[PDB]
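The structure under discussion appears below in the form of structure tokens.
Coordinate-derived values only; no laboratory data. Positions of Cβ are generated from backbone atoms using ideal geometry, with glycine treated the same way; all protein chains shown enter the neighbour counts.
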Amino acid sequence: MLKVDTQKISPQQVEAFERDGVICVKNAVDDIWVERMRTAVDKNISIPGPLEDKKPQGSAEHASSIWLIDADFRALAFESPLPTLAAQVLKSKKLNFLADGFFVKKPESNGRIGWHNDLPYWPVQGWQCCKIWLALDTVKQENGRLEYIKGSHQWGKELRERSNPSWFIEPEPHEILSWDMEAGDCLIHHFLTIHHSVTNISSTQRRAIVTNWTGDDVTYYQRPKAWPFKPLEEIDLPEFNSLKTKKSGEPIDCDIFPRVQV
Ligand code: NI
């Protein structure tokens, strides 16, 4: 550490992430990255993802693991500022890229994604897990923004969407955090922070790229109904060979969950 070092995430923002479970980073990537990823999203939104067989309409267009086939998604994960931001908020010395994806709400056909946190969808366990949600369009409320229950990552509770457990009380409006965003801004949220996203009622699409990241204290855990949402034997891609031979408790590191420079 040098006396001249500056970090994109201020120490106060690092502390806000721990307190609230979510922060917003303005200008997370520059406009060159924005244009490159707009093209990559527009290219991949029309086809099933690498893990699907080449379609029912959801509340958003979504696929995962685009970096396996697309060099621009791969470059965003490994060459852009995003892995540096993830390392800064997790405060970890190791960093794994867990998965990428897109979520696009098209005005013709989208809807609300209900209250949930992300942990129950991923075969991991441990505190240092976060999602970076990179906006590629203007995102205010009318555009289908995300909103968060402040501090809910500290509750120690998993919430699958529409699971309706008795402990979960609908939040009061003043308990809900959100931001206005422009293309290139990102949200970074903890895997236990409960969030939802409202309907895009605007005339323009709401494109976002997601990257998921894990740090020092995380291990593999084959919880039910988690990504990749199908038996591993049904996936032929070589990156998954190293995951098939992995057992719970072991570090995440493998070809599908690769280590990234810190
Ligand atoms: Ni989510």
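Things worth noting here:
- Rounded to two decimals, the Cα-based Rg/Rh of segment 204-253, with Kirkwood Rh, is 1.05.
- For segment 219-262, a crude dipole built from +1 on the beta carbon of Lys and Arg and -1 on the beta carbon of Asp and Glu, taken about the Cα centre, is about 260 debye to the nearest 20.
- Rg and Dmax, both from the Cα atoms of segment 1-113 and both in Å, are 16.5, 54.
- Inter-centroid distance (Cα atoms) of segment 188-248 relative to segment 84-160, Å: 10 Å
- Here the Karplus relation 6.51 cos²θ - 1.76 cosθ + 1.60, evaluated at θ = phi - 60°, turns the backbone of segment 110-124 into coupling constants of 8, x, 5, 9, x, 4, 6, 10, 8, 3, x, 9, 10, x, 9 Hz, with x for every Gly and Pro.
- DSSP-defined beta bridges in the chain - what % are antiparallel, rounded to 5: 100 percent
- Pairs of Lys residues in segment 53-202 that lie 8 or more places apart, or on two chains, and have C-alpha atoms under 23 angstrom apart add up to 17.
- Kirkwood-Stokes translational diffusion coefficient of the chain, alpha-carbon pairs, 10 °C, 1.306 mPa s, µm²/s: 85 µm²/s
- The chain, dipole about Cα centre (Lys/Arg Cβ +1, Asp/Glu Cβ -1), debye to the nearest 20: 320 debye
- Descending Cα extents along the principal axes, segment 175-262, whole Å: 46, 29, 27
- Cross-link partners of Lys246 among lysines, defined as those whose alpha carbon lies under 17 angstrom from its own and excluding same-chain residues fewer than eight positions apart: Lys230.
- Least to most buried among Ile194, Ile9, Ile32 (fewest other Cβ within 10 Å first): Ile32, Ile9, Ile194
- Descending semi-axes in whole angstrom, ellipsoid equivalent of segment 160-225, from the Cα gyration tensor: 25, 20, 13
- Taking the average, over residues, of other Cβ atoms within 10 Å as the packing measure, peptides 252-258, 172-178 rank 252-258, 172-178 from highest down.
- Over all pairs of different C-alpha atoms in segment 108-262, the reciprocal of the mean inverse distance, the Kirkwood hydrodynamic radius, equals 17.1 Å.
- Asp185 long-range amide H proximity, modeled H, under 5 Å: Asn27, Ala28, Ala135
- Arranged from fewest to most other beta-carbon atoms within 10 Å of their beta carbon, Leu192, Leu243 become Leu243, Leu192.
- In the chain, taking the dipole from charged Cβ atoms about the Cα centre, the farthest positive-side position among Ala28, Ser92, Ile69 is held by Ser92.
- Over all directions, the projected convex hull of the C-alpha atoms in segment 113-152 averages 3.9 nm² in area.
- Sorted by Cβ neighbour density within 10 Å, fewest at the top, the residues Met1, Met37: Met1, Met37
- Solution diffusion estimate, µm²/s, Stokes-Einstein, segment 70-176, Kirkwood Rh from C-alpha pairs, 10 °C, viscosity 1.306 mPa s: 97 µm²/s
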